[PDB]
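For reference, the structure is listed below as structure tokens.
Chains as they are written, first to last, in the entry's author numbering: chain U, 614 to 681; chain c, 213 to 312; chain D, 39 to 140; chain X, 371 to 422; chain d, 235 to 350; chain V, 58 to 527; chain Y, 4 to 389; chain C, 17 to 153; chain e, 16 to 65.
Right under this line is the structure:
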């Protein structure tokens, strides 16, 4: 539910893409890997096709996350 | 099943209003305040010592030697929890168990 | 653009309230998780534990310990360990596998 | 000489003996703790002004 | 003089007024002084004699005491003494303010735990 | 020409300092952070003394780079140097910078720099003209960073009229500007404007008018400590006149605490002088330490003798101080509050009488207080036991006062009440100190396991499982 | 016979500090004898820097001939010591180096160059490897601190001395430090600590550079009467074998001590008046001469009232050889201060004693000292924020 | 020549001050959360990190070519080991205490140096320290 | 720093010769104006004819 809660943020903020990499940025580093996955997916859903630099800058460290 | 297990370590309602023995409460207050008397004396030394201490010794030199600041906080926390509860429970009992 | 700036600021203010509400909520649950993380770390202290001797503290989190097996090891120290008790020539229980000071 | 606690009434020629209470060592320890805590504030003052 | 209690000089202030215009406000003050003087007596004197309070209250005729006595409700005694036994209404240390104390001690616990 | 060489050596470095501050002012607008202005006004008292006629001329004609009406206004009010050998053209603005008009943020600073020196040359009439011209500039503008500059300008605008001894035409300007600041939430200007108005009102003994203003207006919480110090003094002085001694003592004590720790000696003296009276007016005893300070020793000497007279509680010694230092107290603005101390001398004298005598004659009380007659001491003691000053009773027929037996103080609620205000204040300091703990914005979660190092374990652990098990 | 030779060097001579203080008094400014003995110390030791301060603060006429002949010898001796240090640093060893800069420090201290002596002693301490030699420099700084009442100098060096005596278990130097500490405690009105330190060293006194043994026992008795309880006074001072031996040659101090213990209050007041004048002229007890006499009067009044439920004003006046009005004024002042546990019934002239519990007195101190501590805490947070 | 330009700007500037206050406050709250979050994260990773096998303690005989060092593991004799890329071969001095990995025995940390053999020799002899001040005659 | 030149800094004229320079528990009772105890006692020894 936590992973889906963060995921659902992307559907609410896609019309204003610049806002997701700020609400989700801190959840991107959380202790819970599921919230971290949701933050990744939230950036993907909200910033889909936008090529957002800020969103990509958040995902680049995620690609080396300890959790698979 | 979750509420049933929450009953574990749930103290009886008597214990909440039960007042700790005042002779031992003063004795415990007596002892701990005396303990802080030596800790405060040591705490002053720790302040001057850490002024002239290299940053590599901020933790290594604290290993194996008692920290006056740390024990002072624990003594303060214990006493303030002990006395506030004893005072609050005593004040509650004066009106709850009232003969009038 | 004068109305748009006023409305954009209004949404940005309202978002700040949302963010500051979730941060306080997360801090409440992060404190819950810190206690859980502290509690679940204690399984590193499960018996059996080989007994060592504390020789020297290299830094805050690592030390040199002498296991009763006869070998000196440079190992890590559990963060939940009262370092005031790590006196010289102090008996310490080491992890049976990793020799860590637990 | 404080050998016993009492007072003498010359007019009535009587000795009034008193059951004094022992001094509260908690207040004694509290007072010296305040004194020793004051020295810490002195030490923190030197650290405060010198390092800022 | 009013603040330090020199009620003798307050009534003497009538004679040495600086000008004839000041008379009106002086009498208005003197009506307040009369209750203030007797207000002390209830808490000051545990019993004061009948004509003893004549100069204390600055009353000219003894009859002017009688109407003022019932207005102030002063129970006259057989020996021409007023008994002012009213200090029994102490600050009432007989009662522990438990609710007030419990309110305060709770606030200390709040300032220790609510901070987070 | 040794003086000329040193002065010119001192002149050029000051010009560089003025150049330094302006770039902080200009970068405050560029960075959109008004707090950068403070470091320019932080050194404002320092630079105010380190500037001469030559320093002003080089700045005013070398910084504007545009001969508008401003340069036609402040140049004629300052002397010009002759054809010096070192004709160093001080032109910080070049190219488009010279053509572009100066910022209202900056142009107010140099104009304030001029009005400061005109005060130092006692050209109050000329300073008034410049300050009046200045106040048209900030009144029209509506910038946010300029308000921080504007607060300093308003302070010196009341100062030029302070030496003009008018202080009345500024009240309309100060009141009008206060609404401009309050409606815009200009915390810095609002704090200064409210303080200047209180000083305006108190200079003419408009204590009623000043009380109304402080009752309705709300002082900015996020104000400068120097403005908090003035506000607490001015409010405390008001409360002292209005018989609100308890609230007065707290404010002046707070004003002393927020006062600068190494400068502002005169302000410390004035607040100390009033706090001594209030503490005596409150029945307490002034701290003996403050009379020992080198700065306050000579100034507090009349009040030291007065404090001694009140402490012994004898009318004879109190009146001697008044007949000796009455003129000093009048010039000090504290005479009227001293007169009320006669009641406190009697009050504390009666307090020592009951504290020491279990049964004392009223004729004796008149002697120890040096009253007129025992009949007068009879009324005086009568109120003291009514007001609760002393716990006693009077025997009119016998003629003595019987002090009540002292009750066990530690057996009532007073120790708890005293501890409560001490406990709650300690708990307030801890919360205030914790809330003031700031964490730098360091890159968190970087002290965790590194991606490359964590990858090392997995490969090594794979061989551990692939070899030991086989 | 070799008592004075056992003491530490007399640098700075603390007698000069007493002499300088005596002239600061309005009563003894014109004393020719005190001027002559001070000038003898200055002339003998060539205290040129001290002569400048002596003439500046006391507004004296500087003898140019005497000053020049004293300045020239100071220059000649300083040149000699500089040459000796130069010779030692080139040919001799480190120990001979240290003795060279040590003698420079003592000469600067001897001639009153306080700032030069402190710098010279600091440099000597840096390359002094002997522990006792280091502790002699500290005791030199403590004597300099006492000479000028430099509290920062005394407190810092007293702490440094305590450390040095801990590393090397020098009980002899430890005994001297107690006398040094006790003298400072007298100077700062810490008679409770001064009595404890003096009584410990009454049988181990060798600090003759500070004072004479008779004067030391005189101070020990004085601080004991004001800081010791009656049971503590009889075991340590009244029955003290070392103190009683000295009191044989000091009939005035012995009379002062035994008058209060033997409840001879009329003589005690006469002795207290004599003691008061001694402490006014004494540079250590001068700031506290009013306080000490007042506290001693409080002791005598409290001692007389302690054993009795009520004492008439006339009896107390008769006991102290004073009038009834004197005893009434003194009591009313002391009862108001809270230092006497009694109240006066002036109509019947009867003083009735009270027995307030120690809980009340402790509570006021906790409120008092806690408020003092809280003021520091509030002030420190003010420094922290800005 | 404006409409509600003054009214709009009054509303806008009122929000900007309020926004700036909350952004300052939020960054304070975020830093508080991040420190707690990293503290939680470090604790969970610590359990795995504590299970990593400890490092041997060895004494360096002599450094060799190709970043090789001859060490003496405490009970297990001598080894020729590699050196971690974060340890300089010039800092590996003879008779230095070093930490060697569990499996590869790789020199990865220069432990604090042991007691000097001369110092250890003078502790057992224990000649009393003396100065010229404690010599008489 | 915004020093308080507005308020009239009354001239010091103090004694820079270490007038007190002490740290005690100083109280108001030492400053009471009175003769020395010797004078007080000497002024009362003869009041009784002695």
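Where a beta carbon is used, it is the ideal one built from N, C-alpha and C, also for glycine.
Contacts that residue 178 of chain V makes with chain e (C-beta to C-beta distance below 8 Å): Taking a Cβ-Cβ cut-off of 8 Å, residue 178 of chain V has no neighbours in chain e, whose nearest Cβ is about 16 Å from it.
Rounded distance between the beta-carbons of residue 17 of chain e and residue 257 of chain V, thought under 8 Å: That belief does not hold up - the Cβ atoms of residue 257 of chain V and residue 17 of chain e are roughly 19 Å apart, past 8 Å.
From Y/319, Y/298 and Y/299, residue whose alpha carbon lies closest to that of residue 308 of chain Y: Per the C-alpha coordinates, the member of Y/319, Y/298 and Y/299 positioned closest to residue 308 of chain Y is Y/319.
Residue closest to residue 272 of chain Y, alpha-carbon to alpha-carbon, out of Y/297, Y/340, Y/250 and Y/130: Nearest option by C-alpha distance: Y/297.
Alpha-carbon spacing of residue 287 of chain c relative to residue 382 of chain V, whole angstroms: Roughly 55 Å separates the two Cα atoms.
Cβ shell of residue 662 of chain U (< 6 Å), same chain only, five flanking positions each side left out: For residue 662 of chain U, where only same-chain residues beyond five positions count, there are no Cβ hits under 6 Å.
Secondary structure of residue 67 of chain Y, DSSP reduced to three states: Note: residue 67 of chain Y maps to helix in three-state DSSP.
Residue 286 of chain V and residue 297 of chain V closer than 8 Å at C-beta: No; because the gap between Cβ atoms is not below 8 Å, this pair is not in contact.
8 Å Cβ cutoff, residue 92 of chain D in contact with chain U: So, not an interface residue.
Neighbour list for residue 387 of chain X in chain Y, Cβ cutoff strictly below 9 Å: Residues of chain Y passing the Cβ test: none, with the nearest at roughly 12 Å.
Nearest-angstrom Cβ-Cβ length linking residue 198 of chain Y and residue 231 of chain Y, presumed shorter than 8 Å: Contact between residue 198 of chain Y and residue 231 of chain Y holds: their C-beta atoms lie close to 6 Å from each other, under 8 Å.
Cβ of residue 57 of chain D within 8 Å of any chain U Cβ: For residue 57 of chain D, the answer is yes, since a Cβ of chain U falls inside 8 Å of its Cβ.
Beta-carbon gap between residue 127 of chain C and residue 115 of chain D smaller than 8 Å: Going by C-beta atoms, residue 127 of chain C is not nearer than 8 Å to residue 115 of chain D.
Residue 267 of chain d versus residue 261 of chain V: straight-line alpha-carbon distance, rounded: Approximately 34 Å between the Cα atoms of the pair.
Residue 216 of chain d at chain V interface by Cβ criterion, 8 Å: Outside the modelled stretch of chain d, which goes from 235 to 350, sits residue 216 of chain d, for which no answer is possible.
Residue 161 of chain V, buried or exposed, once every other Cβ within 10 Å from all chains shown has been counted against 16: Residue 161 of chain V is buried by the Cβ-count criterion.
Min CB distance residue 161 of chain C to chain Y below 8 Å: Summary: the structure shown does not reach residue 161 of chain C, with chain C confined to residues 17 through 153, and so no result is reported for it.
Buried/exposed call for residue 299 of chain d, threshold 16 Cβ in 10 Å: The residue in question, residue 299 of chain d, is buried, as its Cβ has 16 or more Cβ neighbours within 10 Å.
Closer than 8 Å to chain C by CB, residue 671 of chain U: Chain C, which has no Cβ nearer than 8 Å to the Cβ of residue 671 of chain U, makes this no.
Where residue 228 of chain c sits in the DSSP three-state scheme: In this structure, residue 228 of chain c counts as helix in the three-state DSSP scheme.
C-beta contact flag for residue 337 of chain V and residue 294 of chain V at 8 Å: No.
The stretch 266-278 of chain c: positions lying closer than 7 Å to chain d by Cβ: Result list empty, no residue passes.
Residue interval of the alpha helix (DSSP H) (run including residue 70 of chain C): First-last for residue 70 of chain C: undefined, no H or E at that position.
Residues that DSSP places opposite residue 88 of chain D in a beta bridge: For residue 88 of chain D, which the question treats as bridged, DSSP gives the partners D/132.
Residues near residue 10 of chain Y by beta carbon distance below 7 Å, same chain, minus five either side: Counting only Cβ-Cβ distances below 7 Å, and skipping sequence neighbours, we find 209, 210, 211 and 212.
is_contact[residue 400 of chain X, chain c] using C-beta, thresh 8 Å: With 8 Å as the cut-off, residue 400 of chain X counts as an interface residue toward chain c.
Those runs of the beta strand (DSSP E) which lie wholly inside the stretch 290-357 of chain V and span at least 3 residues: Runs of the beta strand (DSSP E) inside the stretch 290-357 of chain V: none found.
Per-residue burial, residue 378 of chain V [other beta carbons within 10 Å of its own, 16 or more giving buried]: Its Cβ being crowded by 16 or more others within 10 Å, residue 378 of chain V is buried.
Collapsed DSSP secondary structure at residue 433 of chain V in the structure displayed: DSSP places residue 433 of chain V in the helix class (H, G or I) of the three-state scheme.
Per DSSP, the bridge partner or partners of residue 385 of chain X: DSSP lists X/378 as partners of residue 385 of chain X.
Residues that residue 88 of chain C bridges to, as DSSP identifies them: Bridge partners of residue 88 of chain C: C/75 and C/94.
Residues of its chain near residue 223 of chain Y, where Cβ-Cβ distance is below 6 Å and the 5 sequence neighbours each way are ignored: So the list reads 201 and 205, once near-sequence residues are dropped.
Assigned secondary structure, residue 214 of chain Y (DSSP; H/G/I helix, E/B strand, else coil): Three-state result, residue 214 of chain Y: coil.
Own chain, CB closer than 6 Å to residue 98 of chain C, minus 5 neighbours either side, in chain order: Answer for residue 98 of chain C: 122, listed in chain order.
Segment contact flag, the stretch 12-24 of chain Y with the stretch 99-118 of chain Y, C-beta cutoff 8 Å, min 3 pairs: Yes, the stretch 12-24 of chain Y is in contact with the stretch 99-118 of chain Y.
Short CB-CB distance (under 8 Å) between residue 121 of chain C and chain D: Under the 8 Å criterion on CB atoms, residue 121 of chain C is classed as non-interfacial with respect to chain D.
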